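Asks: Have a look at this one before I ask anything.
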Amino acid sequence: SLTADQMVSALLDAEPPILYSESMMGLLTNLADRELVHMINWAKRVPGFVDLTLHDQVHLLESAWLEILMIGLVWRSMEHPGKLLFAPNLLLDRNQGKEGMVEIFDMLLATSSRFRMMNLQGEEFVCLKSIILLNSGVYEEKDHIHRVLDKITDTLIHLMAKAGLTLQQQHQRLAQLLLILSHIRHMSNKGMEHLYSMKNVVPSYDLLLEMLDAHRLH
Amino acid sequence: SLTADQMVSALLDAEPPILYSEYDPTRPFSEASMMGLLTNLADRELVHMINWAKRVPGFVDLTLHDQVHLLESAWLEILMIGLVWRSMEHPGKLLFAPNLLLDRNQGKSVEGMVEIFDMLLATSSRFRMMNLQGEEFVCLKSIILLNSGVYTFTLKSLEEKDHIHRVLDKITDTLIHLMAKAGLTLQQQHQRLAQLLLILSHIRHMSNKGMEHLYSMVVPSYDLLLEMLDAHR
Ligand SMILES: CCCN1CC(Oc2ccc([C@@H]3c4ccc(O)cc4CC4(CC4)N3C(=O)c3ccccc3)cc2)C1
Ligand SMILES: CCCN1CC(Oc2ccc([C@@H]3c4ccc(O)cc4CC4(CC4)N3C(=O)c3ccccc3)cc2)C1
């Protein structure tokens, strides 16, 4: 029932903290592992997410977590051309990423470049992250997921109309942003292949369920 | 310069034919021959896919090298979305060809096959739930061709990317025009545009899972794609 403005405010307020790094792959794995609980706290504040069953919340997180870590990384790195800001004390260039790592590193750098070129705004970024969370695992509960996604679409169009875009420019920018989500899914698929080529790769159902911190009256 | 109506007409006229598998009423269907039949069909469809791509407005303005890169990135997503479209009116079945209509129990002979079979069936069910129209389908296939390779490609590269983005914006305008013509309100137009484009993320996912499956058992070479795209006059 939130207005578009209330939805943006809710998502901006829900943003996770930026964590610091504590051998490169052990540092990156540990950082991702610590980002996960913050991602779950964020997910619980995306309007509509907690109306799903806990089972469905876990299945959406299992499908979206890697895309969500990647989009956050690309967002943090936008203002750092040619580098990836994993953490404020962990800025890497592609030379440090040099088997199979540099290909994904370049895919992420290219996303960051695209966001910088489109002048992606924070209010649009938090809508896109929310769409990843609700859409990556979708293919009563589905009806609700689709209603949330429709509300996020409305909210994106609202932000672009507020910025003064014509209707044509609004639908063109909406499409440009949603096409970037297909590239984020592609990078997550390649990134999973890369992680399975090296290695406990995905968070277990029970780990995610524990972090969701279920209510005590079942 | 094309109007949205001219874009739709060009894309509908470019559609490839629906190809068949071998007929022989003395050879009952066998699970052991299934992969060979599917490989033979995909290879024949690829030739028509190159003819189709050359007819997608703006595609042949790119360099050959970039045309090949786009097709290398998109060919399996394009085969998969065509299969989903051909299957849309056949719940529970994948219509590889009119004489090769399979259910998921036939997908169980090969390790890893049924998971991809189920993702394709789910996409077909989504197309039915959205009542996807043929004019929208041809737009989505063209977006896949232009978009899937654009993030993995100099001043010439910058000019190509700009052109690709301009053609993709034209296809967006064309999808919105079709939705407006169908009577949808402005809110429903944006919502449906977003629903359709989010399905492209699922198609990408299925292509990546599909590629891993084909290598478990490969793909068109740059020279072959270059050879079919690199035509003489
Ligand atoms: C048990 C479940 C979790 N564990 C399994 C482990 O999964 C991981 C997930 C992420 C990463 C890091 C990382 C960290 C933090 C971040 O915010 C973003 C990323 C981006 C990213 C691509 C994914 N990555 C790479 O290392 C990388 C590889 C190639 C090129 C560029 C990056 C490492 C391991 C953690
Ligand atoms: C020189 C290289 C030639 N290579 C052979 C070609 O690779 C192939 C491409 C496609 C397919 C077929 C196929 C055929 C026609 C079609 O229109 C769609 C599909 C869908 C598809 C998923 C991809 N598939 C499966 O078999 C399948 C697997 C799991 C679940 C369901 C389907 C087989 C081989 C290129």
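Identifiers for the structure tokens are assigned positionally: chains receive A, B, ... in sequence, residues are indexed from 1 per chain, and ligands are indexed from 1 in the order shown.
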Residues near stretch 100-103 of chain A, anyone? I mean within 10 Å using only C-alpha atoms, not counting same-chain ones fewer than 3 positions away, as a count of residues only.
Replies: 18
Asks: For chain A against chain B, which residues fall within 8 Å using only C-alpha atoms, given as a PyMOL selection string?
Replies: chain A and resi 107+110-111+135-136+139+150+153-154+157+168+171-172+174-176+178-179+181-183+185-186+189-190
Asks: Store the residues picked out above, limited to C-alpha atoms, as a compact mmCIF listing (two decimals), in the first residue's frame.
Replies:
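Result saved to again.txt:
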```
# COMPACT_ATOMS: atom_id res chain seq x y z
CA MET A 107 32.42 -8.86 -16.75
CA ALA A 110 32.02 -3.80 -17.74
CA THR A 111 28.86 -3.63 -15.61
CA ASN A 135 12.76 -12.52 -9.64
CA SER A 136 15.79 -14.76 -9.56
CA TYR A 139 10.67 -19.76 -12.21
CA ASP A 150 4.90 -4.75 -10.47
CA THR A 153 8.35 -1.32 -11.75
CA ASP A 154 5.88 1.43 -10.86
CA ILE A 157 8.97 4.71 -13.55
CA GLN A 168 9.54 7.51 -24.10
CA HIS A 171 10.29 3.17 -20.87
CA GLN A 172 13.66 3.13 -22.66
CA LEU A 174 13.45 0.93 -17.64
CA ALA A 175 14.30 -1.54 -20.42
CA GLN A 176 18.01 -0.62 -20.32
CA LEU A 178 16.27 -4.57 -16.80
CA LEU A 179 18.54 -5.80 -19.60
CA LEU A 181 19.84 -7.77 -14.96
CA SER A 182 20.24 -10.47 -17.62
CA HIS A 183 23.99 -9.71 -17.69
CA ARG A 185 22.42 -13.30 -14.04
CA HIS A 186 24.99 -14.38 -16.65
CA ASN A 189 26.11 -18.27 -13.51
CA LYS A 190 29.75 -17.89 -14.66
```
Asks: Let me see if you get this right: every residue at most 6 Å from ligand 2, counting only C-alpha atoms and all ligand atoms, written as a PyMOL selection string.
Replies: chain B and resi 38-39+41-43+79-80+83+96+113+116-117+210+218-220
Asks: Can you work out which residues are within 9 Å of ligand 1, considering only C-alpha atoms and all ligand atoms, and then hand them over as a compact mmCIF listing (two decimals) with N, CA, C and O atoms, in the first residue's frame?
Replies:
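Contents of out_3.txt, as written:
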```
# COMPACT_ATOMS: atom_id res chain seq x y z
N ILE A 18 28.55 -1.29 4.50
CA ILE A 18 29.71 -1.70 3.73
C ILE A 18 30.72 -2.31 4.70
O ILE A 18 31.19 -1.63 5.61
N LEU A 19 31.04 -3.58 4.49
CA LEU A 19 31.95 -4.28 5.40
C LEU A 19 33.38 -4.17 4.93
O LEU A 19 33.67 -3.84 3.77
N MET A 24 44.24 -14.02 -1.10
CA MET A 24 43.19 -13.15 -1.64
C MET A 24 41.86 -13.89 -1.66
O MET A 24 40.85 -13.37 -1.20
N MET A 25 41.85 -15.15 -2.14
CA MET A 25 40.57 -15.84 -2.18
C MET A 25 40.00 -16.10 -0.77
O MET A 25 38.78 -16.03 -0.57
N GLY A 26 40.84 -16.34 0.23
CA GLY A 26 40.30 -16.50 1.58
C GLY A 26 39.71 -15.21 2.10
O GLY A 26 38.65 -15.22 2.75
N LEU A 27 40.32 -14.08 1.76
CA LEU A 27 39.76 -12.80 2.17
C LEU A 27 38.40 -12.55 1.50
O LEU A 27 37.48 -12.01 2.14
N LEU A 28 38.30 -12.86 0.20
CA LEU A 28 37.07 -12.59 -0.53
C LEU A 28 35.95 -13.53 -0.04
O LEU A 28 34.80 -13.11 0.12
N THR A 29 36.27 -14.80 0.22
CA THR A 29 35.27 -15.73 0.73
C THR A 29 34.77 -15.31 2.10
O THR A 29 33.55 -15.25 2.34
N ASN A 30 35.70 -14.91 2.98
CA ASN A 30 35.29 -14.45 4.31
C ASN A 30 34.41 -13.19 4.25
O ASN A 30 33.42 -13.06 4.99
N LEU A 31 34.75 -12.25 3.35
CA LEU A 31 33.95 -11.05 3.20
C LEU A 31 32.55 -11.40 2.74
O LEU A 31 31.55 -10.92 3.32
N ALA A 32 32.43 -12.23 1.71
CA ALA A 32 31.12 -12.62 1.22
C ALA A 32 30.33 -13.31 2.31
O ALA A 32 29.12 -13.05 2.44
N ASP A 33 30.97 -14.16 3.09
CA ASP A 33 30.26 -14.88 4.16
C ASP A 33 29.72 -13.90 5.20
O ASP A 33 28.57 -14.03 5.62
N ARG A 34 30.50 -12.88 5.55
CA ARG A 34 29.97 -11.87 6.49
C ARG A 34 28.91 -10.97 5.85
O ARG A 34 27.99 -10.51 6.56
N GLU A 35 28.98 -10.73 4.53
CA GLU A 35 27.93 -9.90 3.92
C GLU A 35 26.59 -10.60 3.94
O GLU A 35 25.56 -9.94 3.86
N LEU A 36 26.58 -11.94 3.99
CA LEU A 36 25.30 -12.65 3.83
C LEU A 36 24.28 -12.30 4.89
O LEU A 36 23.12 -12.12 4.57
N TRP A 65 21.49 -14.79 -4.01
CA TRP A 65 22.54 -14.19 -3.19
C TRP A 65 23.75 -13.75 -4.01
O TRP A 65 24.35 -12.72 -3.67
N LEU A 66 24.18 -14.56 -4.99
CA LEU A 66 25.41 -14.20 -5.70
C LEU A 66 25.20 -12.99 -6.59
O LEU A 66 26.04 -12.11 -6.64
N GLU A 67 24.04 -12.91 -7.21
CA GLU A 67 23.71 -11.73 -8.03
C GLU A 67 23.68 -10.52 -7.09
O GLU A 67 24.05 -9.45 -7.58
N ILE A 68 23.12 -10.62 -5.96
CA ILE A 68 23.04 -9.46 -5.03
C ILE A 68 24.44 -9.03 -4.59
O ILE A 68 24.70 -7.84 -4.56
N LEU A 69 25.32 -9.98 -4.29
CA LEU A 69 26.70 -9.57 -3.92
C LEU A 69 27.35 -8.88 -5.12
O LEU A 69 28.06 -7.95 -4.93
N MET A 70 27.12 -9.40 -6.32
CA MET A 70 27.78 -8.82 -7.51
C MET A 70 27.24 -7.42 -7.80
O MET A 70 28.03 -6.56 -8.08
N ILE A 71 25.93 -7.25 -7.75
CA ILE A 71 25.40 -5.90 -8.05
C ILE A 71 25.89 -4.91 -6.99
O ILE A 71 26.15 -3.82 -7.33
N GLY A 72 25.98 -5.33 -5.73
CA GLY A 72 26.51 -4.41 -4.74
C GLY A 72 27.94 -4.06 -5.04
O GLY A 72 28.35 -2.91 -4.88
N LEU A 73 28.75 -5.05 -5.43
CA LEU A 73 30.13 -4.77 -5.77
C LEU A 73 30.23 -3.79 -6.93
O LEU A 73 31.05 -2.86 -6.91
N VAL A 74 29.42 -4.00 -7.97
CA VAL A 74 29.50 -3.11 -9.12
C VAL A 74 29.10 -1.71 -8.71
O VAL A 74 29.71 -0.72 -9.17
N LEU A 84 37.82 -2.90 -8.75
CA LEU A 84 36.62 -3.43 -8.05
C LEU A 84 36.85 -3.20 -6.55
O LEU A 84 37.84 -3.67 -6.04
N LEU A 85 35.99 -2.40 -5.95
CA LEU A 85 36.06 -2.06 -4.50
C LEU A 85 35.34 -3.14 -3.68
O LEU A 85 34.19 -2.96 -3.37
N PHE A 86 36.02 -4.25 -3.43
CA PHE A 86 35.40 -5.34 -2.64
C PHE A 86 35.08 -4.80 -1.26
O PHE A 86 34.02 -5.06 -0.73
N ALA A 87 36.03 -4.02 -0.74
CA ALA A 87 35.83 -3.38 0.55
C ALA A 87 36.66 -2.12 0.51
O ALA A 87 37.50 -1.97 -0.37
N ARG A 94 42.45 -5.42 -12.36
CA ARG A 94 42.31 -6.71 -13.04
C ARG A 94 43.62 -7.50 -13.05
O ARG A 94 43.58 -8.74 -13.11
N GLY A 97 43.61 -9.97 -10.46
CA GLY A 97 42.66 -11.01 -10.75
C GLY A 97 43.17 -12.03 -11.73
O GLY A 97 42.41 -12.90 -12.14
N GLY A 100 40.43 -18.46 -14.72
CA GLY A 100 39.03 -18.10 -14.86
C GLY A 100 38.60 -16.84 -14.12
O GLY A 100 37.46 -16.36 -14.35
N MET A 101 39.48 -16.27 -13.32
CA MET A 101 39.10 -15.08 -12.51
C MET A 101 38.99 -13.82 -13.34
O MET A 101 38.04 -13.10 -13.21
N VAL A 102 39.95 -13.60 -14.25
CA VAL A 102 39.95 -12.33 -14.94
C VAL A 102 38.71 -12.21 -15.84
O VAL A 102 38.21 -11.10 -16.05
N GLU A 103 38.21 -13.32 -16.39
CA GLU A 103 37.00 -13.22 -17.21
C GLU A 103 35.84 -12.66 -16.43
O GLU A 103 35.08 -11.84 -16.94
N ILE A 104 35.71 -13.08 -15.19
CA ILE A 104 34.56 -12.57 -14.39
C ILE A 104 34.87 -11.15 -13.92
O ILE A 104 34.01 -10.34 -13.93
N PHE A 105 36.13 -10.93 -13.58
CA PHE A 105 36.54 -9.60 -13.19
C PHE A 105 36.19 -8.60 -14.28
O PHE A 105 35.60 -7.54 -14.00
N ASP A 106 36.46 -8.95 -15.54
CA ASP A 106 36.16 -8.04 -16.65
C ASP A 106 34.67 -7.83 -16.86
O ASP A 106 34.25 -6.71 -17.19
N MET A 107 33.90 -8.90 -16.63
CA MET A 107 32.42 -8.86 -16.75
C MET A 107 31.88 -7.86 -15.71
O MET A 107 30.96 -7.10 -16.05
N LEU A 108 32.45 -7.88 -14.50
CA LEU A 108 32.01 -6.95 -13.47
C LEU A 108 32.44 -5.52 -13.78
O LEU A 108 31.69 -4.56 -13.53
N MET A 187 26.62 -13.26 -15.20
CA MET A 187 27.83 -13.24 -14.37
C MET A 187 27.69 -14.14 -13.16
O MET A 187 28.66 -14.78 -12.75
N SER A 188 26.51 -14.19 -12.54
CA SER A 188 26.33 -15.10 -11.42
C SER A 188 26.49 -16.56 -11.86
O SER A 188 27.06 -17.37 -11.14
N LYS A 190 28.31 -17.67 -14.44
CA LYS A 190 29.75 -17.89 -14.66
C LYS A 190 30.50 -17.88 -13.36
O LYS A 190 31.48 -18.61 -13.21
N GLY A 191 30.10 -17.01 -12.43
CA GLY A 191 30.79 -16.95 -11.14
C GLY A 191 30.58 -18.22 -10.36
O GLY A 191 31.49 -18.69 -9.69
N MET A 192 29.39 -18.81 -10.44
CA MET A 192 29.18 -20.09 -9.73
C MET A 192 30.07 -21.17 -10.34
O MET A 192 30.57 -21.96 -9.61
N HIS A 194 32.82 -20.77 -11.72
CA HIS A 194 34.17 -20.46 -11.28
C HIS A 194 34.42 -20.90 -9.84
O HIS A 194 35.44 -21.54 -9.54
N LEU A 195 33.46 -20.63 -8.96
CA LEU A 195 33.61 -21.06 -7.58
C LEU A 195 33.60 -22.58 -7.45
O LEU A 195 34.38 -23.12 -6.65
N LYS A 199 36.38 -24.95 -5.47
CA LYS A 199 36.01 -25.57 -4.20
C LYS A 199 35.20 -26.86 -4.47
O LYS A 199 34.34 -26.88 -5.38
N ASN A 200 32.46 -25.90 0.23
CA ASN A 200 31.26 -25.24 0.71
C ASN A 200 31.00 -24.01 -0.17
O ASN A 200 31.45 -22.91 0.15
N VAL A 201 30.30 -24.19 -1.30
CA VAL A 201 30.24 -23.11 -2.28
C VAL A 201 29.00 -22.27 -2.10
O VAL A 201 29.04 -21.04 -2.21
N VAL A 202 27.87 -22.90 -1.85
CA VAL A 202 26.64 -22.14 -1.72
C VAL A 202 26.16 -22.21 -0.28
O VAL A 202 26.42 -23.18 0.45
N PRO A 203 25.48 -21.18 0.19
CA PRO A 203 24.94 -21.23 1.56
C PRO A 203 23.84 -22.27 1.64
O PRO A 203 23.01 -22.39 0.73
N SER A 204 23.86 -23.05 2.72
CA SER A 204 22.84 -24.10 2.85
C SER A 204 21.47 -23.53 3.23
O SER A 204 21.34 -22.38 3.69
```
Asks: What is the atom CA of residue A:45-atom CA of residue A:11 distance in Å, reported with one decimal?
Replies: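 Calculated distance between atom CA of residue A:45 and atom CA of residue A:11 is 7.3 Å.
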Asks: Could you write out, as a PyMOL selection string, all the residues of stretch 36-181 of chain B that DSSP marks as strand (DSSP E or B)?
Replies: chain B and resi 93-97+100-103
Asks: Keeping N, CA, C and O atoms, export the residues of the selection given above as a CSV table (one decimal), in the first residue's frame.
Replies:
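Below you can see part-v1.csv, which holds the result:
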```csv
chain,number,residue,atom,x,y,z
B,93,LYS,N,4.7,-30.3,-22.5
B,93,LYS,CA,5.5,-30.9,-23.6
B,93,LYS,C,6.4,-29.8,-24.2
B,93,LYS,O,6.2,-28.6,-24.1
B,94,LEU,N,7.5,-30.3,-24.8
B,94,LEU,CA,8.5,-29.5,-25.5
B,94,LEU,C,8.4,-29.9,-27.0
B,94,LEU,O,8.6,-31.1,-27.3
B,95,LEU,N,8.0,-29.0,-27.8
B,95,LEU,CA,7.8,-29.2,-29.2
B,95,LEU,C,9.1,-28.9,-30.0
B,95,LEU,O,9.3,-27.8,-30.5
B,96,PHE,N,10.0,-29.8,-29.9
B,96,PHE,CA,11.3,-29.6,-30.6
B,96,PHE,C,11.0,-29.4,-32.1
B,96,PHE,O,11.6,-28.5,-32.7
B,97,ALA,N,10.1,-30.3,-32.6
B,97,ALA,CA,9.6,-30.2,-34.0
B,97,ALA,C,8.2,-30.7,-34.0
B,97,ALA,O,7.8,-31.4,-33.0
B,100,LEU,N,8.4,-34.2,-33.1
B,100,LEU,CA,9.4,-34.5,-32.0
B,100,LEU,C,8.9,-33.7,-30.8
B,100,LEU,O,9.4,-32.6,-30.5
B,101,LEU,N,7.8,-34.2,-30.2
B,101,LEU,CA,7.1,-33.5,-29.1
B,101,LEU,C,7.3,-34.4,-27.9
B,101,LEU,O,6.8,-35.6,-27.9
B,102,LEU,N,8.1,-33.9,-27.0
B,102,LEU,CA,8.6,-34.8,-25.8
B,102,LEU,C,8.0,-34.3,-24.5
B,102,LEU,O,7.8,-33.2,-24.3
B,103,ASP,N,7.9,-35.3,-23.6
B,103,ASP,CA,7.5,-34.9,-22.2
B,103,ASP,C,8.7,-35.2,-21.3
B,103,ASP,O,9.7,-35.7,-21.7
```
Asks: What does the distance between atom CA of residue A:134 and atom CA of residue A:210 come to in Å, to one decimal place?
Replies: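 A separation of 19.8 Å between them.
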Asks: Which distance in Å separates atom CA of residue B:53 and atom CA of residue B:160, to one decimal?
Replies: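 The value is 16.1 Å.
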Asks: List as a PyMOL selection string the protein and nucleic acid residues near residue A:125, meaning an atom at most 12 Å away when only C-alpha atoms are counted, but skip any in the same chain fewer than 2 places from it.
Replies: chain A and resi 8+11-12+15+68+71-76+78+112+115-116+118-123+127-132+152+155-156+159+174+177-178+180-181
Asks: From the list A:160, A:184, A:90, A:37, which residue is nearest residue A:209 when using only C-alpha atoms?
Replies: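 With only C-alpha atoms as the atom set, the closest residue is A:37.
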Asks: Could you check which of B:115, B:44, B:132, B:51 is closest to residue B:86, using only C-alpha atoms?
Replies: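 Looking at the shortest contact to residue B:86, the residue is B:132.
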Asks: Show me, as a list in words, the residues that have an atom within 8 Å of residue A:43 when counting only C-alpha atoms, minus same-chain residues fewer than 4 positions from it.
Replies: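 My list of contacting residues is residues 39, 49, 130 and 133 of chain A.
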Asks: Would you output that residue set with N, CA and C atoms, as a JSON list (two decimals), in the first residue's frame?
Replies:
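What landed in part_14.json:
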```json
[["chain", "number", "residue", "atom", "x", "y", "z"],
["A", 39, "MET", "N", 22.74, -9.11, 4.10],
["A", 39, "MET", "CA", 21.84, -9.24, 2.94],
["A", 39, "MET", "C", 20.48, -9.78, 3.39],
["A", 49, "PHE", "N", 8.48, -8.93, 1.02],
["A", 49, "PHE", "CA", 9.25, -10.18, 1.09],
["A", 49, "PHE", "C", 8.81, -11.07, 2.25],
["A", 130, "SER", "N", 16.28, -5.20, -5.42],
["A", 130, "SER", "CA", 15.00, -5.78, -4.95],
["A", 130, "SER", "C", 14.43, -6.69, -6.04],
["A", 133, "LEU", "N", 16.14, -9.96, -6.09],
["A", 133, "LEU", "CA", 15.71, -10.84, -4.98],
["A", 133, "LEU", "C", 14.39, -11.55, -5.25]]
```
Asks: Apply DSSP to the structure's backbone, then extract all residues of stretch 76-214 of chain A labelled alpha helix (DSSP H) and return them as a ChimeraX atom specification.
Replies: /A:76,101-118,122-135,141-162,167-198,205-212
